[PDB]
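Labels below follow one simple rule: chain letters A, B, ... track the order of the sequence lines, proteins then strands, and each chain is numbered from 1. For the numbers below, each heavy atom of this structure counts, side chains included, while hydrogens, waters and symmetry mates do not.
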4 protein chains.
Amino acid sequence: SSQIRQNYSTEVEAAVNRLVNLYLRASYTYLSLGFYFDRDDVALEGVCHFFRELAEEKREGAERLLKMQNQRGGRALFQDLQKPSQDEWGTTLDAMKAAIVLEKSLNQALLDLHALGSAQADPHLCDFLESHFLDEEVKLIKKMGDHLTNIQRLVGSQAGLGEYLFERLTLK
Amino acid sequence: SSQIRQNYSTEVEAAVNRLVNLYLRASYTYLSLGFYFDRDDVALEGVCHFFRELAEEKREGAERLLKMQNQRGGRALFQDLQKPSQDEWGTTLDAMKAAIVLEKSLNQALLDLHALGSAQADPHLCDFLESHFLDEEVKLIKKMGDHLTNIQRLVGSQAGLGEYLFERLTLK
Amino acid sequence: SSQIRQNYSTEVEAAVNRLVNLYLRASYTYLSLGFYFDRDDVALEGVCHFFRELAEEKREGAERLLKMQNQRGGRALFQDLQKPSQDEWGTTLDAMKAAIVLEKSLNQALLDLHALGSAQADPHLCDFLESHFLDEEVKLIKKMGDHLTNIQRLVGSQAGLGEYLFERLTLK
Amino acid sequence: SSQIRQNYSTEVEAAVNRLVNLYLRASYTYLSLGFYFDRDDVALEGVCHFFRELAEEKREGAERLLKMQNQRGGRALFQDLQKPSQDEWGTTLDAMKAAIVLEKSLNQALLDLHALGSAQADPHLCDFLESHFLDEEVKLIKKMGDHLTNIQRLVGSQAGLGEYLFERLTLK
Ligand SMILES: [Ir+4]
Ligand SMILES: [Ir+4]
Ligand SMILES: [Ir+4]
Ligand SMILES: [Ir+4]
Ligand SMILES: [Ir+4]
Ligand SMILES: [Ir+4]
Ligand SMILES: [Ir+4]
Ligand SMILES: [Ir+4]
Ligand SMILES: [Ir+4]
Ligand SMILES: [Ir+4]
Ligand SMILES: [Ir+4]
Ligand SMILES: [Ir+4]
Ligand SMILES: [Ir+4]
Ligand SMILES: [Ir+4]
Ligand SMILES: [Ir+4]
Ligand SMILES: [Ir+4]
Ligand SMILES: [Ir+4]
Ligand SMILES: [Ir+4]
Ligand SMILES: [Ir+4]
Ligand SMILES: [Ir+4]
Ligand SMILES: [Ir+4]
Ligand SMILES: [Ir+4]
Ligand SMILES: [Ir+4]
Ligand SMILES: [Ir+4]
Ligand SMILES: [Pd+2]
Ligand SMILES: [Pd+2]
Ligand SMILES: [Pd+2]
Ligand SMILES: [Pd+2]
């Protein structure tokens with residue numbers, strides 16, 4: 001058992017384990033999104049690469065959370081990783097919408113953990129969440145929103161042309 | 001009080017102070033234009049960056065004017081900076097039109113000061129205005145007109161597509 | 001309208017817009033302070049340069065605030081920028097006193113926004129304010145206080161000599 | 001005789017020759033000022049060097065005027081160079097006052113030639129005077145005024161100390 005654990009509640013420890021599962025689930029979702037856009041009948045490599053890099057970011061998020069759990073003397077517990085919500089992701093517009101929904105859900109979970117850690121008087125936790133996750137989520141969600149606006153502007157008329165152009169001129 | 005002031009009328013001194021306020025107002029306008037195009041629901045970063053760089057140019061214009069006022073022994077006097085004319089700027093076409101209107105107004109003010117300094121026999125002033133402001137305004141207004149023509153050509157049919165393309169292929 | 005806004009109250013959004021106006025007003029104040037010390041009858045270039053660099057810092061502060069407002073999905077709204085409180089700034093002592101008063105007012109506004117964001121449960125805001133504004137204001141105000149103490153020590157007897165010396169040996 | 005002279009009046013030609021004599025006289029004045037501050041009983045080497053460099057500037061001004069006179073097909077005519085107005089120049093304050101009086105007189109002569117060339121419709125002349133003389137005189141006279149203000153501030157009490165300090169900390 002730990003000899004280091006201090007000011008680290010069992011409620012926070014569990015919530016950290018839930019958040020690890022959420023980040024890993026999000027990484028898996030992004031893996032599926034990435035490979036969908038690599039299908040020969042979809043073939044938007046800029047979209048594939050955008051989602052694959054998000055898969056990596058989310059996995060790294062989970063790993064940072066796991067290192068933090070061990071730094072505080074908590075115990076990592078892993079659960080089943082639920083398969084992604086869809087097997088086919090539609091258009092780049094549909095996929096970007098799905099991505100923002102996913103990210104807002106991760107953000108809301110961070111906010112819920114921060115609130116819990118406030119109620120627990122755990123400032124190391126508040127700080128850790130702030131500096132490596134909350135600012136990153138805000139920045140990511142702004143980029144996604146920007147992309148969604150550009151996609152929408154493009155696929156008002158001539159949807160195929162607009163999807164190609166966004167991929168070619170925004171995504172790489 | 002000054003020991004250096006020579007051939008520098010109180011009328012020119014006041015007009016220089018009015019022009020400083022106009023350049024600063026124009027810088028503020030461009031700040032507002034820039035951030036509007038950075039909204040998640042507008043999201044034209046090439047447009048944001050074009051206007052932000054104009055904000056900087058106009059501030060530098062005012063600073064050069066203030067240094068000149070002190071070089072001649074005049075006294076800088078600052079007034080309220082009126083907020084920009086709009087809170088939302090519409091399309092890139094609308095914004096570019098607003099920009100050219102603004103720049104033509106600055107130009108006309110430079111021309112009016114040059115006329116005043118003629119009537120005052122103040123060639124240092126004529127020279128200073130010419131070399132650091134009048135040629136720059138002519139060049140800037142030509143670039144704006146060029147941009148307006150390209151935007152107009154693009155948004156005749158398929159306005160969203162054309163706005164995206166101008167941003168991507170002209171503005172960066 | 002925004003597709004990204006999350007946990008970002010209308011009260012915080014408005015307070016951020018007020019703070020942008022305060023930073024810009026402070027930048028304008030510093031512009032006026034800087035050019036006053038560049039008058040031929042004042043002629044303290046170290047003082048001019050100290051205030052001009054603060055003008056730049058305050059403008060950058062406002063720009064960071066505006067980028068943050070857009071990152072959260074809030075809407076920038078600009079108001080009239082009130083001219084500075086004085087047209088002539090007296091001695092370097094008077095000016096430094098004015099500067100510290102100004103900075104303490106900006107600081108108090110940051111503290112008031114941080115309190116609001118506490119009451120709103122907005123940790124992204126707390127973090128953003130902390131890391132890019134609160135530590136900077138504390139450091140700046142300490143430097144100003146140090147300068148004020150040195151000026152005061154100098155202008156106890158032989159005020160002209162002391163003002164020259166501070167400018168020459170502290171300010172550059 | 002010239003085969004090139006065009007739009008270059010005998011009135012302008014004579015005024016250019018008078019201005020050459022004024023620049024050379026000013027160079028001579030600065031030579032005398034420089035060596036005075038190099039006396040063992042004055043011994044302000046920063047002041048010596050400031051005036052010696054102005055002697056060089058004024059000679060170069062005259063040489064540019066002479067090259068211009070030949071470029072337009074006018075004929076250089078030289079007159080007696082009147083010795084400087086004083087043989088001893090007093091304090092650094094007295095000398096700086098004398099310098100600004102001298103420079104304002106050169107400036108006024110440039111302005112008078114510019115007016116003449118206006119009345120003569122000679123824009124090459126206006127341009128030449130503007131770009132190589134009028135802006136330089138304005139900049140020089142502002143630096144002199146700044147220096148005068150600093151000297152005055154220093155020699156309010158403890159005149160010897162203040163003169164030493166200005167020389168050491170402003171002039172090199
Ligand atoms: Ir990449
Ligand atoms: Ir890559
Ligand atoms: Ir990449
Ligand atoms: Ir917290
Ligand atoms: Ir941490
Ligand atoms: Ir590109
Ligand atoms: Ir390419
Ligand atoms: Ir650029
Ligand atoms: Ir750039
Ligand atoms: Ir740029
Ligand atoms: Ir003119
Ligand atoms: Ir100039
Ligand atoms: Ir500096
Ligand atoms: Ir500097
Ligand atoms: Ir600096
Ligand atoms: Ir807080
Ligand atoms: Ir931030
Ligand atoms: Ir030198
Ligand atoms: Ir030298
Ligand atoms: Ir030198
Ligand atoms: Ir002229
Ligand atoms: Ir010339
Ligand atoms: Ir120095
Ligand atoms: Ir030295
Ligand atoms: Pd890829
Ligand atoms: Pd930008
Ligand atoms: Pd400066
Ligand atoms: Pd020398």
Side-chain angles (χ1 to χ4, degrees), chain B residues 1-2 5 10 13-25 27-28 59 62-63 65-81 83, chain C residues 18-19 21-59 61-62 79-81 83-109 137 140-141 143-145 147-148 150-152 154-155 159-160 162-164 166-167 171, chain D residues 145-146 149 153:
Chain B
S1 46
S2 186
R5 186 175 187 153
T10 53
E13 171 183 25
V16 168
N17 285 324
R18 286 199 299 274
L19 195 57
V20 166
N21 183 263
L22 291 180
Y23 272 71
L24 292 173
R25 217 234 153 152
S27 184
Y28 196 26
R59 194 218 4 121
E63 289 168 353
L65 287 160
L66 291 164
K67 175 183 184 76
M68 181 274 286
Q69 175 84 291
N70 280 344
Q71 292 176 320
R72 296 296 304 273
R75 286 299 173 252
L77 286 180
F78 294 95
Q79 301 302 342
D80 296 337
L81 290 191
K83 76 178 187 179
Chain C
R18 286 199 299 274
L19 195 57
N21 183 263
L22 291 180
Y23 272 71
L24 292 173
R25 217 234 153 152
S27 184
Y28 196 26
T29 294
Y30 289 129
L31 180 71
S32 172
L33 274 155
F35 283 94
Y36 169 79
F37 283 98
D38 178 59
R39 287 173 46 169
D40 77 275
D41 65 354
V42 179
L44 290 162
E45 290 309 318
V47 188
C48 169
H49 173 82
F50 171 81
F51 292 129
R52 290 185 69 15
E53 150 74 3
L54 295 175
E56 165 183 40
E57 295 189 3
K58 296 303 130 177
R59 194 218 4 121
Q79 301 302 342
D80 296 337
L81 290 191
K83 76 178 187 179
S85 69
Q86 301 173 216
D87 295 322
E88 285 186 316
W89 300 95
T91 59
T92 304
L93 179 52
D94 292 323
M96 199 66 61
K97 284 182 171 167
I100 287 169
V101 167
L102 180 56
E103 290 308 321
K104 287 176 170 175
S105 84
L106 289 181
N107 200 41
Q108 187 55 242
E137 283 296 321
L140 177 59
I141 288 166
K143 186 182 281 185
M144 292 180 174
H147 288 348
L148 189 56
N150 275 285
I151 298 158
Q152 288 162 325
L154 284 162
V155 301
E163 197 167 11
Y164 176 79
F166 182 75
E167 180 268 341
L171 298 181
Chain D
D146 290 352
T149 291
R153 194 162 27 229

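- B/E63 and B/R59 are joined by a salt bridge, as a carboxylate oxygen and a charged side-chain nitrogen come within less than 4.0 angstrom of each other.
- Applying the side chain to side chain donor-acceptor pair (under 3.5 Å) criterion to D/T149, with sequence neighbours excluded, gives no partner residue.
- Counting only distance, with no hydrogens or angles, the side chain of C/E137 and the backbone of C/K104 share no donor-acceptor pair below 3.5 Å.
- The two residues B/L77 and B/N17 come nearest to each other via the heavy atoms N-OD1, 3.2 Å.
- Rounding to the nearest 0.5 Å places CZ of C/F50 at 4.5 Å from NE2 of C/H147.
- Judged purely by atom type and a 3.5 angstrom limit, C/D40 has no side-chain atom pairing as donor or acceptor with the backbone of D/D146.
- Between the side chain of C/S105 and the backbone N or O of C/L102 there is at least one donor-acceptor pair closer than 3.5 Å.
- Annotation: the span from C/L140 atom CG to C/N107 atom CG amounts to 9.5 Å, rounded to 0.5 Å.
- Rounding to the nearest 0.5 Å places OH of B/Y28 at 5.5 Å from CG of C/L24.
- For the pair C/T29 (side chain) and C/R25 (backbone), a donor-acceptor distance under 3.5 Å is present.
- The main-chain N or O of C/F35 is found under 3.5 Å from a side-chain atom of B/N70 such that the two form a donor-acceptor pair.
- Note that CG of B/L66 and CG of C/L31 are 5.5 Å apart. Values are rounded to the nearest 0.5 Å.
- Checked for salt-bridge contact, D/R153 and C/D41 miss the test: no charged N lies under 4.0 Å from a carboxylate O.
- Interatomic distance, C/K143 NZ to C/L148 CG, rounded to the nearest 0.5 Å: 15.0 Å.
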Can you list, pair by pair, the side-chain donor-acceptor contacts under 3.5 Å of residues 88-96 of chain C, counting residues two or more places apart and other chains?
{"unit_1": "C/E88", "atom_1": "OE2", "unit_2": "C/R39", "atom_2": "NH1", "d": "3.0"}
{"unit_1": "C/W89", "atom_1": "NE1", "unit_2": "C/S32", "atom_2": "OG", "d": "3.0"}
{"unit_1": "C/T91", "atom_1": "OG1", "unit_2": "C/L93", "atom_2": "N", "d": "3.4"}
{"unit_1": "C/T91", "atom_1": "OG1", "unit_2": "C/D94", "atom_2": "N", "d": "3.1"}
{"unit_1": "C/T91", "atom_1": "OG1", "unit_2": "C/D94", "atom_2": "OD2", "d": "3.2"}
{"unit_1": "C/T92", "atom_1": "OG1", "unit_2": "C/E163", "atom_2": "OE2", "d": "2.8"}
{"unit_1": "C/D94", "atom_1": "OD2", "unit_2": "C/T91", "atom_2": "N", "d": "3.0"}

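- In this view, C/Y30 and C/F51 satisfy the ring-ring contact (aromatic ring centres under 6.0 Å, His included) rule, not counting sequence neighbours.
- Between C/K58 and C/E103 there is a salt bridge, since a side-chain N of the basic residue sits under 4.0 Å from a carboxylate O of the acidic one.
- Under a 3.5 Å cut-off, the side chain of C/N21 and the backbone N or O of C/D80 do form a donor-acceptor pair.
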